[PDB]
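Engineer: Have a look at the structure that comes next, please.
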Amino acid sequence: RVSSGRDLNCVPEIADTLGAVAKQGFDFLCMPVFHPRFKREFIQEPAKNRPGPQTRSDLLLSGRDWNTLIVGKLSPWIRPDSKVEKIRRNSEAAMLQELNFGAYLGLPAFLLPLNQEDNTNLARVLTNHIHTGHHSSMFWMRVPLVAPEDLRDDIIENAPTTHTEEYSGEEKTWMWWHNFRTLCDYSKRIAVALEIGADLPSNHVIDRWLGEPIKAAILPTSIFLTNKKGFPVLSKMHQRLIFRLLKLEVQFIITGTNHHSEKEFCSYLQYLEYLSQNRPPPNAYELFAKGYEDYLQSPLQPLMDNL
Amino acid sequence: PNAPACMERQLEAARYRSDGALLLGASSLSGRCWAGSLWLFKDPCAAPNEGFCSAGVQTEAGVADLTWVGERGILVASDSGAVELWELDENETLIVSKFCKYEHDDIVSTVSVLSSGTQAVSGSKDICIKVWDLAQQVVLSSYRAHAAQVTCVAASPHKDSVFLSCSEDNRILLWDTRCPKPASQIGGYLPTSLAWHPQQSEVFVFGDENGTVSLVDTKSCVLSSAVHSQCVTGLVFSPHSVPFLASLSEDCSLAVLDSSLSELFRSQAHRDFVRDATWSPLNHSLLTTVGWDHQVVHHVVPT
Amino acid sequence: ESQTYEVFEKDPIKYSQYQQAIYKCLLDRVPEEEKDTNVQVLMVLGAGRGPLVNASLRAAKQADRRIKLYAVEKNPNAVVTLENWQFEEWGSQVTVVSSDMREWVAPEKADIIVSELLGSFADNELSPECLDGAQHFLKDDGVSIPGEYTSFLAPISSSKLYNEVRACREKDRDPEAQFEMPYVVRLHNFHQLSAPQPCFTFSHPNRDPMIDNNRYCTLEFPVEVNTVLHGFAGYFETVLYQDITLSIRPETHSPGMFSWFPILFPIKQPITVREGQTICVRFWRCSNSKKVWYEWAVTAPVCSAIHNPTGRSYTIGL
Amino acid sequence: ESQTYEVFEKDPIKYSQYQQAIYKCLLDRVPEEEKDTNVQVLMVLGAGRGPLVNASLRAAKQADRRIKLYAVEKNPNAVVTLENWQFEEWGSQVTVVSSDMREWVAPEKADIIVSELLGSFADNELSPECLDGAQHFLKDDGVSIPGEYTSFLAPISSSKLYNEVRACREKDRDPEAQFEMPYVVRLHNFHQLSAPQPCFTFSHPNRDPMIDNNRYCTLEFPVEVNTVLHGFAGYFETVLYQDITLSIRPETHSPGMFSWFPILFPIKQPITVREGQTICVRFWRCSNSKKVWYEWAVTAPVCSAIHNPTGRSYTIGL
Ligand SMILES: O=C(NCc1ccc(F)cc1)[C@@H]1c2ccccc2C(=O)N1Cc1cc2ncccc2[nH]1
Ligand SMILES: O=C(NCc1ccc(F)cc1)[C@@H]1c2ccccc2C(=O)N1Cc1cc2ncccc2[nH]1
Ligand SMILES: CSC[C@H]1O[C@@H](n2cnc3c(N)ncnc32)[C@H](O)[C@@H]1O
Ligand SMILES: CSC[C@H]1O[C@@H](n2cnc3c(N)ncnc32)[C@H](O)[C@@H]1O
């Protein structure tokens with residue numbers, strides 16, 4: 001009933017990894033195109049002239065598998081907005097390389113992070129890629145509900161967490177998104193992969209994301225509680241959020257290791273399915289309207305026109 | 001030699017133990033299979049030939065970082081999110097997996113063993129730092145103190161509760177698990193490597209992304225020098241009474257510095273990234289480096 | 001993209017012809033007494049995901065001759081495939097080069113260069129320019145496969161295809177740009193008004209001083225019916241080696257091969273043609289330091305406008 | 001055209017500065033005891049109709065030093081002027097070269113290279129690329145005039161100029177292309193919202209390995225008034241030799257000089273700015289093998305779209 005994917009940052013064998021992911025009921029797999037730790041030089045010798053293949057072969061999967069089942073990920077070392085000019089220039093070249101390889105493979109989507117305020121050069125490189133060649137590949141911007149700095153543990157002695165209600169400051173991750181997509185001039189290829197945290201923010205911070213192009217909702221395994229049976233579940237706060245997200249018809253991505261070790265990994269997905277079945281069924285309106293969501297039509301003119 | 005047929009191109013780590021047996025970790029960061037392996041060399045000069053090894057084993061995933069657990073044990077920082085523990089057998093020919101706990105939600109990038117030897121601390125790209133017990137094989141504590149990927153963690157040589165950590169959030173945290181709030185932030189460019197001073201409990205050095213090597217006292221005023229042109233990958237002190245600091249980088253060079261961070265030695269031997277350095281315990285003037293060019297170079301340091 | 005190379009590789013007739021062409025050239029260049037003394041230096045110029053390299057290996061094995069392969073490829077995404085293959089299968093016999101053939105400084109001259117840079121109109125992928133710039137690292141007695149290729153044109157009448165081109169009008173460009181650019185199309189609902197005639201020919205290696213790839217060709221097509229000319233179907237033939245050829249010209253079409261579809265050069269306005277009248281078309285191949293393009297004009301029975309002047313509507317990037 | 005060179009030559013302040021710059025460099029490079037032993041090799045790179053050559057002759061005469069001139073010029077129409085002048089006036093001391101400086105194989109290395117390849121935004125005529133490609137035939141201790149140049153930006157509010165750009169909409173292109181390209185304009189009805197700040201700098205000869213002319217600059221402009229930002233005025237300064245400079249930056253403007261007008265980088269949509277707020281602009285200099293262009297974006301107090309991505313609306317031809 002629900003469309004689900006699996007996020008991994010470790011794939012030792014691409015064929016084997018998919019099989020495991022598919023057996024657990026997932027529809028697609030978010031994974032790297034180059035090894036996350038395989039940092040590459042493009043200017044300075046001798047490392048720029050590094051021999052051998054730069055990544056895996058496209059032949060390891062079928063064209064159809066790449067097209068439907070794989071979602072690309074930008075490498076974590078790639079930081080286009082670095083203060084160091086060398087790292088900037090390298091990350092630029094690397095970002096293009098990875099994006100170009102994504103297009104080559106014909107991936108349906110590709111994940112890029114929004115994990116800081118300034119993503120201007122990131123936007124500039126992505127916009128350049130979008131306006132080069134032809135592709136229908138989507139770009140999912142990984143953006144958290146709550147910034148990492150704002151959900152860190154209060155365990156630094158000489159750096160306490162902000163215990164002040166900052167209305168605008170708690171909405172900061174939306175402003176990261178807003179600026180990025182404004183720079184990119186509202187490209188229809190750029191959408192949101194909204195990362196859900198352990199502690200949900202205030203209601204206004206969530207309402208912020210109403211009317212935004214949310215295509216994915218990333219759920220870490222860490223946010224799952226455990227019931228009496230000893231299987232993963234979510235809070236009533238998160239339940240209401242998933243129920244809201246199911247109306248938007250987003251694709252749920254599971255990320256992180258199995259903290260519920262005693263159980264299978266399908267259990268997480270089975271819970272989302274459980275929620276999917278257990279929702280208020282569509283009324284006469286929602287049943288009939290199903291299909292016309294945000295579909296623009298010209299106002300009828302029965303006087304001027306003959307219906 | 002009762003081991004894998006071929007080791008991986010990118011050599012990630014190299015460590016000497018008491019007697020002088022060279023430990024090697026390696027990852028395949030390219031090609032069909034992205035796995036890792038562990039190797040032992042009772043003959044350091046034979047490296048990195050697989051036909052002349054004491055021990056060798058193939059791991060499930062890549063090896064991001066390792067270090068010696070005394071004599072027998074080897075603790076691994078895996079890409080899988082697991083921190084793996086392997087133990088040499090009594091003959092020291094095989095390497096059997098002691099434990100492998102998937103607790104991190106992302107690549108485990110750095111690991112370090114604390115003073116006691118029954119405990120270790122790991123840092124991961126999931127922005128977490130975890131304290132382990134190697135006996136009970138469980139996580140004692142879990143700390144989300146940083147706001148970005150944890151780059152390096154380094155245990156205090158002589159204090160069990162104390163360790164350093166650095167991250168891409170531009171923070172160097174000095175820890176002490178005895179405190180309610182254990183972390184303490186020391187006051188431009190992101191820190192990439194940490195190294196405690198072997199003879200001074202309050203002194204440590206850190207390398208940054210811009211290539212600068214810095215000298216920091218805990219109490220206080222800092223000294224620094226522009227050693228490399230690119231990011232500093234690691235810092236290792238010599239076993240001398242008056243230690244020499246070996247610095248490695250992504251500029252494909254090695255530099256040995258004095259106490260005042262003045263350049264003594266220079267080596268442009270590697271053609272790829274220099275990943276680790278380990279001083280020979282037998283001969284204190286010998287230093288072994290490993291890199292992604294698949295070289296295991298042995299340097300004669302003028303001392 | 002990957003799946004563009006995939007569909008090229010799915011044409012076994014083409015590569016069997018390349019295999020046979022190389023097989024024959026190896027036997028001609030190396031005698032029986034020099035079987036194991038002489039190692040021929042082959043260079044695949046534009047290796048892609050390596051269908052030719054494989055064919056070059058098969059060719060050498062069926063001939064029983066020694067070869068040293070270079071696999072030059074500019075597309076870095078394809079070079080990933082080559083290097084993975086090279087590590088796993090080929091080995092050190094194949095040296096994968098990640099470079100432009102016009103730039104690459106060769107450490108050795110070639111006995112044979114092999115290429116697959118031909119489109120539907122032969123030279124529409126700038127095969128002349130690329131092989132001219134790779135010519136320097138061919139031995140003075142060296143061979144090119146293909147050694148020659150020719151493009152053909154034929155006048156067609158298709159009110160369907162004319163109406164199809166018309167519909168390719170886009171915002172923010174010339175209202176008639178769509179008529180001044182060729183299209184790859186499986187021609188179905190159309191009428192070929194006259195028999196195809198050769199347009200442009202290229203020989204490799206080129207030995208004419210001041211190698212000029214610019215051209216101007218006048219063709220006269222006898223029409224024996226009344227009709228409405230809407231454009232010109234384009235085809236091509238290529239000589240790989242000697243008698244080993246590939247062709248999409250309908251009358252000499254290679255049987256089974258489905259790699260190249262016909263090309264279509266439209267005209268802005270349809271032209272009436274009476275029975276007995278001759279359609280006279282003029283084709284230019286033009287270039288500067290940055291681009292190559294075609295211009296064309298009908299001069300009989302009535303004049304058309306010159307299509308695509310200065311490559312305003314269509315250029316091929318160098 | 002002829003009358004474009006004519007109006008450049010009608011600026012005596014500029015060439016007197018070039019004359020003085022060369023005069024000083026000759027005295028520094030040649031001592032008094034080596035007056036008639038040492039003949040300095042000068043090379044005017046982009047000679048036009050020869051205003052610099054004349055200035056180089058005047059400079060050598062007032063310095064009383066020997067020079068050997070080359071006059072490199074790619075424009076063949078201008079080379080006609082040079083050669084007529086050279087035959088009638090200059091003689092064999094000046095060797096007129098009809099070539100691109102990036103291509104020309106020099107038969108001798110230069111002690112000084114002199115150039116006039118600067119526009120309103122300094123590097124908007126690709127002076128970096130040209131002088132980089134001419135760098136090889138400079139002596140290891142050789143000088144370039146100019147030796148350095150810097151571009152400056154300043155935020156402006158002009159509802160007139162915004163409305164003027166708006167009106168440059170043309171058929172058959174992007175409806176907002178006019179906002180994604182700079183304009184040379186004598187700014188009159190406008191308000192400079194903040195003081196100019198340096199954007200891009202270039203040094204010749206360039207001694208940084210992997211000479212990269214791509215750039216990315218972030219500028220923060222403190223605004224002390226309420227206003228409506230409509231674009232960014234561009235200026236430039238250049239160091240010819242030592243203390244001899246040319247400048248169109250309002251605060252350091254060379255008096256009398258009227259060769260270069262200011263440049264204007266518009267924005268699609270006007271941006272409100274309150275007193276106390278900072279205007280933050282981002283400027284990129286981008287390139288490939290064929291083109292160079294600028295991209296730009298406002299990031300504070302609100303974000304604009306990135307203007308001219310991939311040089312879609314505006315490129316500078318290499
Ligand atoms: O004509 C073409 N192929 C015909 C075809 C057959 C079956 C099918 F299902 C789809 C298309 C291709 C092509 C496809 C699509 C869009 C454009 C083209 C085109 O210029 N081609 C010619 C071509 C093939 C080729 N191979 C190697 C090197 C250079 C090459 N140039
Ligand atoms: O700014 C400009 N001149 C200002 C001006 C002054 C008086 C007048 F009656 C008309 C124009 C010219 C110019 C004119 C017309 C259209 C465009 C431009 C332009 O890019 N310029 C800058 C410029 C001058 C120059 N000289 C040499 C080499 C490179 C140069 N680049
Ligand atoms: C098999 S389709 C033609 C192939 O030749 C490659 N190619 C085209 N021109 C060049 C060139 N100048 N140098 C190297 N490879 C080229 C293309 O990238 C493609 O893989
Ligand atoms: C005086 S305006 C600049 C002059 O330099 C010339 N020029 C610009 N670029 C080059 C080049 N690469 N080689 C030679 N002349 C050039 C132009 O044709 C013009 O006459």
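In the structure tokens, the first chain shown is A, the next is B, and so on; residue numbers restart at 1 for each chain, and ligands run from 1 in the order shown.
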Taking only C-alpha atoms and all ligand atoms into account, which residues have an atom no farther than 8 Å from ligand 1? I'd like them as a PyMOL selection string.
Structural biologist: chain C and resi 4-5+7-8+116-120+125+184-186+258-262
Engineer: Grab me every residue within 9 Å of ligand 4, counting only C-alpha atoms and all ligand atoms, and send it over as a VMD selection string.
Structural biologist: chain D and resid 4 to 5 8 to 9 44 to 52 72 to 76 78 to 79 97 to 104 115 to 119 125 to 127 129 to 131 133 to 134 318
Engineer: Pick out the chain A residues within 7 Å of chain B. Count only C-alpha atoms. Give them as a PyMOL selection string.
Structural biologist: chain A and resi 9-13+35+38+46-47+50+53-57+84+148-149+152-153+155-158+256-257
Engineer: Mind writing the picked residues with N, CA and C atoms as a compact mmCIF listing (two decimals), in the first residue's frame?
Structural biologist:
```txt
# COMPACT_ATOMS: atom_id res chain seq x y z
N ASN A 9 24.53 3.72 3.46
CA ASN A 9 25.76 4.42 3.12
C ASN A 9 26.91 3.42 3.06
N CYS A 10 26.56 2.13 2.98
CA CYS A 10 27.54 1.05 2.90
C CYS A 10 26.98 -0.07 2.02
N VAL A 11 27.56 -0.22 0.83
CA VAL A 11 27.15 -1.24 -0.12
C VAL A 11 28.40 -1.97 -0.60
N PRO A 12 28.75 -3.14 -0.01
CA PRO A 12 29.94 -3.89 -0.42
C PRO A 12 29.75 -4.65 -1.73
N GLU A 13 28.52 -5.10 -2.00
CA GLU A 13 28.19 -5.76 -3.25
C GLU A 13 26.78 -5.33 -3.65
N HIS A 35 32.31 5.47 -3.66
CA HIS A 35 32.49 5.10 -2.26
C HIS A 35 32.53 6.37 -1.42
N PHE A 38 35.90 7.62 -0.66
CA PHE A 38 36.84 7.71 -1.77
C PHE A 38 36.96 9.17 -2.20
N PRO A 46 50.50 14.57 -7.03
CA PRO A 46 50.22 13.51 -8.01
C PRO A 46 48.85 12.85 -7.90
N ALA A 47 48.07 13.23 -6.88
CA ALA A 47 46.85 12.51 -6.53
C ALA A 47 45.76 12.68 -7.60
N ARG A 50 45.52 9.81 -10.13
CA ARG A 50 45.28 8.52 -9.50
C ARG A 50 44.76 7.54 -10.55
N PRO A 53 39.90 2.36 -11.93
CA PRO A 53 38.52 2.83 -12.05
C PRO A 53 38.10 3.71 -10.87
N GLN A 54 37.27 4.72 -11.14
CA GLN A 54 36.87 5.68 -10.12
C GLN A 54 35.71 5.14 -9.30
N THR A 55 34.94 4.19 -9.86
CA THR A 55 33.84 3.58 -9.13
C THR A 55 33.44 2.26 -9.78
N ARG A 56 32.29 1.72 -9.35
CA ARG A 56 31.73 0.48 -9.86
C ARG A 56 31.30 0.65 -11.32
N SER A 57 31.08 -0.49 -11.98
CA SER A 57 30.61 -0.51 -13.36
C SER A 57 29.09 -0.43 -13.39
N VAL A 84 37.66 26.90 2.51
CA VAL A 84 38.95 26.62 1.90
C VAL A 84 38.73 26.53 0.39
N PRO A 148 20.91 20.00 13.07
CA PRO A 148 21.68 19.13 13.96
C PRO A 148 22.16 19.84 15.22
N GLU A 149 22.44 21.14 15.08
CA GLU A 149 22.93 21.97 16.17
C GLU A 149 21.84 22.16 17.23
N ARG A 152 21.22 18.55 19.40
CA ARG A 152 22.37 17.95 20.07
C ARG A 152 22.07 17.86 21.56
N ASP A 153 22.75 16.93 22.24
CA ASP A 153 22.58 16.73 23.68
C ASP A 153 23.28 17.87 24.42
N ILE A 155 25.43 18.42 26.71
CA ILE A 155 26.48 17.73 27.44
C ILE A 155 27.82 18.43 27.26
N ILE A 156 27.82 19.64 26.67
CA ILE A 156 29.02 20.45 26.60
C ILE A 156 28.96 21.46 27.75
N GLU A 157 29.98 21.41 28.61
CA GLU A 157 30.01 22.16 29.86
C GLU A 157 29.97 23.66 29.59
N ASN A 158 30.80 24.12 28.64
CA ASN A 158 30.97 25.54 28.37
C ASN A 158 30.25 25.94 27.08
N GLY A 256 19.53 4.17 8.81
CA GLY A 256 20.16 3.79 10.07
C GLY A 256 20.13 2.27 10.28
N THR A 257 20.89 1.83 11.29
CA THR A 257 21.07 0.41 11.59
C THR A 257 19.86 -0.12 12.34
```
Engineer: Please identify all polymer residues within 9 Å of residue 316 of chain D, counting only C-alpha atoms, omitting same-chain residues fewer than 3 positions from it, and present them as a count of residues only.
Structural biologist: 8
Engineer: When you look at residue 296 of chain D with a cut-off of 7 Å (counting only C-alpha atoms), what residues show up, excluding the ones that are within fewer than 6 positions of it in the same chain? I need them as a list in words.
Structural biologist: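 The filter keeps residues 282, 283, 284, 306 and 307 of chain D.
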Engineer: Using N, CA, C and O atoms, can you export the residues from the last selection as a PDB file, in the first residue's frame?
Structural biologist:
```pdb
ATOM      1  N   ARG D 282      26.769  37.655  -4.631  1.00  0.00           N
ATOM      2  CA  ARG D 282      27.710  36.603  -4.969  1.00  0.00           C
ATOM      3  C   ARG D 282      28.002  36.693  -6.464  1.00  0.00           C
ATOM      4  O   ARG D 282      27.070  36.739  -7.260  1.00  0.00           O
ATOM      5  N   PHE D 283      29.287  36.731  -6.834  1.00  0.00           N
ATOM      6  CA  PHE D 283      29.678  36.803  -8.234  1.00  0.00           C
ATOM      7  C   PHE D 283      30.593  35.628  -8.566  1.00  0.00           C
ATOM      8  O   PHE D 283      31.543  35.354  -7.838  1.00  0.00           O
ATOM      9  N   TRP D 284      30.275  34.943  -9.672  1.00  0.00           N
ATOM     10  CA  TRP D 284      31.112  33.889 -10.220  1.00  0.00           C
ATOM     11  C   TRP D 284      31.681  34.334 -11.564  1.00  0.00           C
ATOM     12  O   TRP D 284      30.983  34.962 -12.356  1.00  0.00           O
ATOM     13  N   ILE D 306      19.734  32.830  -9.264  1.00  0.00           N
ATOM     14  CA  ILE D 306      21.061  32.902  -9.852  1.00  0.00           C
ATOM     15  C   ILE D 306      20.902  33.345 -11.303  1.00  0.00           C
ATOM     16  O   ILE D 306      20.156  32.729 -12.061  1.00  0.00           O
ATOM     17  N   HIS D 307      21.595  34.431 -11.664  1.00  0.00           N
ATOM     18  CA  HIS D 307      21.454  35.033 -12.977  1.00  0.00           C
ATOM     19  C   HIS D 307      22.495  34.455 -13.929  1.00  0.00           C
ATOM     20  O   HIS D 307      23.665  34.329 -13.575  1.00  0.00           O
TER      21      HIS D 307
END
```
Engineer: With only C-alpha atoms as the atoms that count, which of D:266, D:309, D:196, D:146 lies nearest to chain A?
Structural biologist: D:309
Engineer: Give me, as a Markdown table, each residue of chain A that comes within 12 Å of chain C, together with its shortest interatomic pair and the distance in Å at one decimal, counting only C-alpha atoms, with rows ordered by chain and rising residue number.
Structural biologist:
```
| residue | atom | partner | partner_atom | distance |
| --- | --- | --- | --- | --- |
| A:33 | CA | C:77 | CA | 11.5 |
| A:34 | CA | C:80 | CA | 11.0 |
| A:49 | CA | C:98 | CA | 11.0 |
| A:51 | CA | C:83 | CA | 9.5 |
| A:52 | CA | C:83 | CA | 6.5 |
| A:53 | CA | C:83 | CA | 5.1 |
| A:54 | CA | C:80 | CA | 6.3 |
| A:55 | CA | C:80 | CA | 6.5 |
| A:56 | CA | C:84 | CA | 7.1 |
| A:57 | CA | C:81 | CA | 5.0 |
| A:58 | CA | C:81 | CA | 6.6 |
| A:59 | CA | C:81 | CA | 7.4 |
| A:60 | CA | C:81 | CA | 9.9 |
| A:61 | CA | C:2 | CA | 11.0 |
| A:62 | CA | C:3 | CA | 9.3 |
| A:63 | CA | C:3 | CA | 6.3 |
| A:64 | CA | C:3 | CA | 9.3 |
| A:65 | CA | C:3 | CA | 11.6 |
| A:66 | CA | C:2 | CA | 10.0 |
| A:67 | CA | C:3 | CA | 9.9 |
| A:96 | CA | C:77 | CA | 11.5 |
| A:97 | CA | C:77 | CA | 8.4 |
| A:98 | CA | C:77 | CA | 9.5 |
| A:99 | CA | C:77 | CA | 10.7 |
| A:100 | CA | C:77 | CA | 7.6 |
| A:101 | CA | C:77 | CA | 5.9 |
| A:102 | CA | C:77 | CA | 9.5 |
| A:103 | CA | C:1 | CA | 7.0 |
| A:104 | CA | C:1 | CA | 4.1 |
| A:105 | CA | C:2 | CA | 5.6 |
| A:106 | CA | C:1 | CA | 7.2 |
| A:107 | CA | C:2 | CA | 10.7 |
| A:133 | CA | C:1 | CA | 10.6 |
| A:134 | CA | C:1 | CA | 10.4 |
| A:135 | CA | C:1 | CA | 10.1 |
```
Engineer: Hey, can you spit out that residue selection with N, CA, C and O atoms as a compact mmCIF listing (two decimals), in the first residue's frame?
Structural biologist:
```
# COMPACT_ATOMS: atom_id res chain seq x y z
N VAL A 33 27.06 6.36 -5.39
CA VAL A 33 27.53 6.01 -6.73
C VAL A 33 29.05 5.84 -6.69
O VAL A 33 29.59 5.00 -7.40
N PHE A 34 29.72 6.66 -5.87
CA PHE A 34 31.13 6.48 -5.55
C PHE A 34 31.22 6.14 -4.06
O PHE A 34 30.32 6.47 -3.30
N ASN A 49 46.26 12.39 -10.72
CA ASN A 49 46.55 11.37 -11.71
C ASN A 49 46.45 9.98 -11.08
O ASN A 49 47.19 9.07 -11.47
N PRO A 51 45.42 6.37 -10.74
CA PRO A 51 44.97 5.39 -11.73
C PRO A 51 43.80 4.53 -11.27
O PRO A 51 43.28 4.71 -10.17
N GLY A 52 43.39 3.59 -12.13
CA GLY A 52 42.36 2.62 -11.82
C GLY A 52 40.96 3.19 -12.06
O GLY A 52 40.81 4.37 -12.36
N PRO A 53 39.90 2.36 -11.93
CA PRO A 53 38.52 2.83 -12.05
C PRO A 53 38.10 3.71 -10.87
O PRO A 53 38.52 3.45 -9.74
N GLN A 54 37.27 4.72 -11.14
CA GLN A 54 36.87 5.68 -10.12
C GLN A 54 35.71 5.14 -9.30
O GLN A 54 35.51 5.57 -8.17
N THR A 55 34.94 4.19 -9.86
CA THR A 55 33.84 3.58 -9.13
C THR A 55 33.44 2.26 -9.78
O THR A 55 34.16 1.73 -10.63
N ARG A 56 32.29 1.72 -9.35
CA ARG A 56 31.73 0.48 -9.86
C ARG A 56 31.30 0.65 -11.32
O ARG A 56 31.12 1.76 -11.80
N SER A 57 31.08 -0.49 -11.98
CA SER A 57 30.61 -0.51 -13.36
C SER A 57 29.09 -0.43 -13.39
O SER A 57 28.41 -0.99 -12.53
N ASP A 58 28.58 0.27 -14.41
CA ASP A 58 27.15 0.40 -14.66
C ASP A 58 26.54 -0.94 -15.07
O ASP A 58 25.33 -1.12 -15.00
N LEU A 59 27.40 -1.88 -15.49
CA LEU A 59 26.97 -3.18 -15.98
C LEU A 59 26.49 -4.08 -14.85
O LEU A 59 25.82 -5.08 -15.12
N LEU A 60 26.82 -3.74 -13.60
CA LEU A 60 26.51 -4.60 -12.46
C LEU A 60 25.01 -4.69 -12.23
O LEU A 60 24.54 -5.64 -11.60
N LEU A 61 24.24 -3.71 -12.73
CA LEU A 61 22.79 -3.79 -12.75
C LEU A 61 22.29 -3.64 -14.18
O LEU A 61 23.03 -3.21 -15.07
N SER A 62 21.01 -4.00 -14.38
CA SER A 62 20.33 -3.76 -15.64
C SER A 62 19.92 -2.29 -15.72
O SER A 62 19.75 -1.64 -14.69
N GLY A 63 19.76 -1.79 -16.95
CA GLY A 63 19.31 -0.43 -17.18
C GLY A 63 18.03 -0.12 -16.41
O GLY A 63 17.89 0.95 -15.83
N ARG A 64 17.11 -1.10 -16.39
CA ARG A 64 15.82 -0.94 -15.73
C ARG A 64 15.99 -0.83 -14.22
O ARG A 64 15.26 -0.07 -13.58
N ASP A 65 16.94 -1.58 -13.65
CA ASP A 65 17.19 -1.56 -12.22
C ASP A 65 17.69 -0.18 -11.79
O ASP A 65 17.21 0.36 -10.80
N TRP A 66 18.63 0.38 -12.55
CA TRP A 66 19.12 1.73 -12.30
C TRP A 66 17.98 2.74 -12.37
O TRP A 66 17.92 3.67 -11.57
N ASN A 67 17.08 2.54 -13.34
CA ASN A 67 16.06 3.52 -13.68
C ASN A 67 14.94 3.57 -12.63
O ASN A 67 14.29 4.61 -12.50
N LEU A 96 29.89 17.61 -9.84
CA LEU A 96 29.54 17.48 -11.24
C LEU A 96 29.76 16.04 -11.71
O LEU A 96 28.92 15.48 -12.41
N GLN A 97 30.91 15.47 -11.32
CA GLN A 97 31.28 14.11 -11.69
C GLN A 97 30.20 13.13 -11.22
O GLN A 97 29.77 12.28 -11.98
N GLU A 98 29.79 13.27 -9.95
CA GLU A 98 28.83 12.35 -9.36
C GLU A 98 27.46 12.53 -10.00
O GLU A 98 26.80 11.54 -10.31
N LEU A 99 27.05 13.78 -10.20
CA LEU A 99 25.77 14.09 -10.82
C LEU A 99 25.74 13.56 -12.25
O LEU A 99 24.75 12.98 -12.68
N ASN A 100 26.85 13.77 -12.99
CA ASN A 100 26.96 13.31 -14.36
C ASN A 100 26.86 11.79 -14.43
O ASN A 100 26.26 11.26 -15.36
N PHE A 101 27.45 11.10 -13.45
CA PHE A 101 27.40 9.64 -13.41
C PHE A 101 25.98 9.20 -13.09
O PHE A 101 25.53 8.16 -13.57
N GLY A 102 25.28 9.98 -12.26
CA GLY A 102 23.88 9.73 -11.96
C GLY A 102 23.02 9.75 -13.22
O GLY A 102 22.21 8.85 -13.44
N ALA A 103 23.22 10.79 -14.04
CA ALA A 103 22.51 10.95 -15.30
C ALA A 103 22.86 9.80 -16.25
O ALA A 103 21.98 9.25 -16.90
N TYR A 104 24.16 9.47 -16.32
CA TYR A 104 24.65 8.39 -17.15
C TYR A 104 23.89 7.10 -16.85
O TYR A 104 23.46 6.41 -17.78
N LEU A 105 23.74 6.79 -15.56
CA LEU A 105 23.06 5.57 -15.13
C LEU A 105 21.56 5.68 -15.38
O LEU A 105 20.88 4.66 -15.48
N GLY A 106 21.05 6.91 -15.45
CA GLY A 106 19.63 7.14 -15.67
C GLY A 106 18.84 6.93 -14.38
O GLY A 106 17.75 6.37 -14.40
N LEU A 107 19.41 7.40 -13.26
CA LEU A 107 18.78 7.26 -11.96
C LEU A 107 17.53 8.15 -11.92
O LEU A 107 17.55 9.27 -12.44
N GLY A 133 22.72 19.36 -20.91
CA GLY A 133 22.18 18.13 -21.45
C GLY A 133 20.67 18.04 -21.23
O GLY A 133 20.00 19.06 -21.08
N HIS A 134 20.15 16.81 -21.23
CA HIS A 134 18.74 16.55 -20.97
C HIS A 134 18.63 15.39 -19.98
O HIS A 134 19.30 14.37 -20.13
N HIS A 135 17.77 15.56 -18.97
CA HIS A 135 17.48 14.51 -18.01
C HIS A 135 16.17 14.83 -17.29
O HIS A 135 15.81 16.00 -17.15
```
Engineer: Do you know which residues are at most 6 Å from residue 112 of chain D counting only C-alpha atoms, after dropping those on the same chain fewer than 2 positions away, and could you put them as an MDAnalysis selection string?
Structural biologist: chainID D and resid 42 110 142:144
Engineer: Which is closest to ligand 3 among C:278, C:17, C:304, C:135, if we use only C-alpha atoms and all ligand atoms?
Structural biologist: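 Closest to ligand 3 of all the choices is C:135.
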Engineer: Once you count only C-alpha atoms, what closest atom pair and distance in Å to one decimal does each residue of chain C within 9 Å of chain D have, with rows by chain and rising residue number, as JSON lines?
Structural biologist:
```
{"residue": "C:171", "atom": "CA", "partner": "D:172", "partner_atom": "CA", "distance": 7.2}
{"residue": "C:172", "atom": "CA", "partner": "D:173", "partner_atom": "CA", "distance": 4.0}
{"residue": "C:173", "atom": "CA", "partner": "D:172", "partner_atom": "CA", "distance": 4.0}
{"residue": "C:174", "atom": "CA", "partner": "D:172", "partner_atom": "CA", "distance": 5.2}
{"residue": "C:175", "atom": "CA", "partner": "D:172", "partner_atom": "CA", "distance": 7.5}
{"residue": "C:290", "atom": "CA", "partner": "D:290", "partner_atom": "CA", "distance": 7.2}
```
